[PDB]
């Protein structure tokens, strides 16, 4: 599963995920499913930022924590938007709102409910993707046009097929359900 992750995502995303996981004390060679999931979330965030006009999104995910909070503080002090309690994934300059991007192998309704109850702020926009082609956004406001989101969903289903053809899909799908049924 580790060699698959290193062959499936580009080395920059792999390096960013390795750094983010070593920061939380987790191991790429052991917790390979979390490695894959973090790589997937990063690729989705980057494709999402690429979906709009050139200057539309400020990328928060993928940065170092302190610098990410610095950019969040700058955005809040210059636009007047409330500071989120948890680090978001993007900022939308066009719609003037923070975006929390989610990718799940689970039920999309349950994941959206979990994230919405975790955020509790009436500002941060939520947008969930899944490996089955479903997506759910705050107020059904999907931010991007249909082409960008469809590309993201196609990439996700391709990742799922690639995992299934080598027999890693079942364990990867049950890993996220294991972190929610245990933690």
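Numbering follows the first chain given and starts at 1.
> Going by the average Cα B-factor in the PDB entry, point out whether 155 to 163 or 169 to 177 comes out higher.
The deposited B-factors put 169 to 177 ahead on the C-alpha mean.
> Going by the B-factors listed in the PDB entry, is the mean over the C-alpha atoms higher for 119 to 127 or for 49 to 57?
Per the PDB record, 119 to 127.
> Just say lowest, middle or highest third for the CA B-factor of residue 21 relative to the other modelled residues in its chain.
Residue 21: CA B-factor falls in the highest third of its chain.
> Ordered by C-alpha B-factor within the chain, which third holds residue 105? Give me lowest, middle or highest, please.
CA B-factor rank for residue 105: middle third.
> Which third, lowest, middle or highest, does the CA B-factor of residue 40 fall in along this chain?
CA B-factor rank for residue 40: lowest third.
> Give the position of residue 95 by CA B-factor within its chain, expressed as the lowest, middle or highest third.
Middle third.
> Considering every modelled residue of the chain and its Cα B-factor in the PDB entry, is residue 150 in the lowest, middle or highest third?
Bottom third by C-alpha B-factor.
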